Every structure is written in structure tokens, then in C-alpha cells.
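Okay, here we've got a single chain as C-alpha cells, the form deposited in one PDB entry, with questions on binding and movement later.
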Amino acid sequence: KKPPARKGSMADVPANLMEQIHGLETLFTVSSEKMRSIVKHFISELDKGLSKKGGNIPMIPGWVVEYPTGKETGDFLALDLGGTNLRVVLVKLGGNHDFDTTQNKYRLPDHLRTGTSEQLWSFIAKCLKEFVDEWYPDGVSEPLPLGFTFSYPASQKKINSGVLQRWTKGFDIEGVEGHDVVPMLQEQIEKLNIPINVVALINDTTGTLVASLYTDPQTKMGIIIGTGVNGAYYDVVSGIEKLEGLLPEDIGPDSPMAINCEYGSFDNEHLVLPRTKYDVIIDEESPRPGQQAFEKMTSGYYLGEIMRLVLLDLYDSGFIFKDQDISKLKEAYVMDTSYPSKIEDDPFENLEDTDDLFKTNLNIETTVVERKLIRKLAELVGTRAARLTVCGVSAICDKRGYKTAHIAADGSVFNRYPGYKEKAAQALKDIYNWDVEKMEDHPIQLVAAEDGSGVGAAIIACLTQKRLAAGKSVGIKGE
């Protein structure tokens, strides 16, 4: 039994502060009408991204050109390469929308993030060899098809290729950007005579879509709502004008095509996104000003920072923390996502969880009325983030004409942000005006995803291998 929401009476809050809360409410509220307008623009930009001219939204073809039917069977590998860890996963598809996993994880030695190309790929291969040797001590009938989640910006002219465009997350390995990483990993596999074929390179959201669709046939989208944000869905080849002239005959106009949207870049021009002066500051102070605008409005990573800047603004205008030492509130990113999470979770009318948090982490003694403001603020910023995120869901559903859908979701915000599911479901209900009483009955609803970067990569490897074995294309002509 988790506690009921606190009542959260505002009766005792001073007028001077109540006016400021009201100011922040008006500022952070996203109306049904504003959401539906954002969605309209979002749809144009999803289409723009697929067009020969392209757009701000990458809309990257994932080269998965069929839906998993759930009937697939067999043993497939996945490799998930993170910044600190890699996971090797063996997936046996049971052919009734079911699967079994056997998996290892290996911590990436600090060295590798800045070492040589051969060192990165030999370490990966050595992990693969240790894994395969244990699970297949007799060796193997046919090699194992492997799907490789390489979640770094890469371009693909076909699924079994991935040309690194730019390392992220502290990786500084020379000689890899501009090159196809698939042969790099494959030749280290070969050097160790490990029976594996690397057949697919994917982004993890694409894996999220496909794995969840294999187990849940109502899945129409995979979404990540966490430190970064992304969505993936199936479009149709006839709707991807930028592939016109590039496709072999066996990838026809009505072929499905999984798209990795990379929609974190939606509305960098801020035509529709409701930027406050706080989002302005967060943007101008970020590594990349003017970029990742939709990411900056929906990601878990900025939610405490938004609160921080708001609280500082109220301190400077003389509203709160009067005669407190707030020199810790001045540090950028000192309030991470656990701040509005802990604040929203507070079950006490006197908000004692919040009291402790602000006293112990930030050395600020709050009055009860200041806490009621902090909590109101936490709610508004959690709530707006969820409301903006479902604008992406709604754009993809509307573009494709999905009147019902399971949206398979993952990431730290969906999984752990307090009341996030309730917020998202209410936002969808507001957009569509459904006459439905309970969230479990929403025509469009977010559900917990399957493991995109392990299970999804292995199912993609299954789908891919079947095409490669038949000589069906998984990329543009000639590649």
C-alpha cells in the first residue's frame, strides 16, 4: 500500500505567494488546445523528416521492413553497448509471443572509452567468446545471428552496417567516426573463431518497438522517456519520399519500415513548444544552445533544474527563503530528477519529506507555506513534461491513423517519476476527449515495454537473418 495523495490545502498560503503560484500555474499549464496545436505541427515535422528535403527531425529508417508475428522461433544474440557496460544476451524465441533470455553484463574498463579501436572491439569479442563458450560448449550448428544496439549517432544504408557519425558520452576513440563499425566488430569475432554473424545494428528505441510488438501485438510505438527521449514506430515505404529511387524492388511501396524518429530535436525554432524564461535560460546555458528543444521540454534531466531556476527567481524577487543561505541553489544541476520526484511523493500535509530534502541536501530551512509552493511547482513541471511527451505519441498515432494503440514505454521517467503514468494518461484523455472513466480503458495507452536493447536487438537479428538467408534486401540497392 503506497499512501494516498496528500490533500494539499492552499487555504493557509499568504496572498503574496498565492499570486506567485497562480503566475506559475498559468505559465506551466499546457491546455488541451495547446497540446492539439503542438501535435499538428509535430505531425508536419514527422512528414517533413521523411521527405526528400528532410527536416529538423531525423526520421531515420531502421531497415526493419516487417512486423514480428510472434511465431518466430530460434536462438539469437544481442549485444548492448553502453558507456560503462555492455550486455550480452541470448534470446530463444518460443514462437508464441514468448521468449527466454540468458544474459551476462560486463563493465567496460575505463581505459576503453579513450583507447584504440582494436582495443574496444577485441574487448567486446572476448566477452562474446566467454559468453558463447559457456552457453554452447560443443560449438554451434549455424553461427548465431547477433543484433547490435549501438546507441551513438550512426547512419545506415542497410541494417547490417552502421557508420559512426560522432561518439557521445565521453567516448573519444580515434579512427572510428566515418567508418562502419559492423566489420570492425565482425573481424574481432572472426579473429577468435566465435560462431557469430553480426546481422543488424540498431538504436535501442527501435528495439523497444520491435520486442514489445513481438510479445504485445497492439504495440504501435516504442518510446523512451528518461535522460534523453525518443520514439520509434512503423511507417510505410510509400510514405518515405527520401528513399524514392533508392530502394530495390523487393522493398516495395507498401513495405512496413521501422523509423527511429530521434524526435528530441522537434521544434528547435520554438514555434509551438511552450518555452518560459526558465527554458530559455536552460537552453542558453546548455552545451548545445538552440538544439534538442523537445528533449529539453520532456526529459527527466531538466525537471529539477527548471525548479531551481524558478526558486532562485522567487528568492531574488524577495518572495521566499528570506534570510536563508541559498548559495547551493546557485549551482547548475544541483537538483536532479530525484528532487521533483521526492517532492511529489511526499504524503504529508506539512510536506516533511520536502522539509528534510531541502534542509539536508541544500541547507535551506523552509516554512510550511514555502513547501506548499515547492510542491505545487514540482507537480506543474512533472505534469507539463508528461503533457508534452504525449504530444509525440499523439502525433505518431494521428499521422498513421491509429485509433487504438499500446505505446510501449521505457526509461527513468516513465518507470520511476511519481504519478507519471497517471499524468500521461490524463494528457492523452485531454487531447482526444475520450468518454472513458478509467485509464486501463484508454484507446491509446502507455504500457511497460519489453527490453529494447537486448531482446529487441535479438528479434531484429531474427527478422534480418531470415531476409539475408533468402537474399531479400535490408538496405538500399547496391549496399
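Throughout, we count residues from 1 along the sequence that is shown. Rigid core (definition): largest C-alpha set, two forms, superposition within 1.5 Å.
Beyond what is shown, the protein has a form deposited in another entry; the following relates to that form.
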Inset, instruction - Report the residue, chosen from 381, 240, 124, 311, for which the CA moves 2 Å or more between this form and the one not shown after the rigid core is overlaid. - result: 124
Legend entry - Threshold 2 Å Cα movement between this form and the one not shown for residue 171, core superposed: yes
Inset, instruction - Please check if residue 15 moves between this form and the one not shown, taking a CA shift of 2 Å or more relative to the superposed core as movement. - result: no
Legend entry - Exceeds or equals 2 Å, Cα of residue 150 between this form and the one not shown, core fit: yes
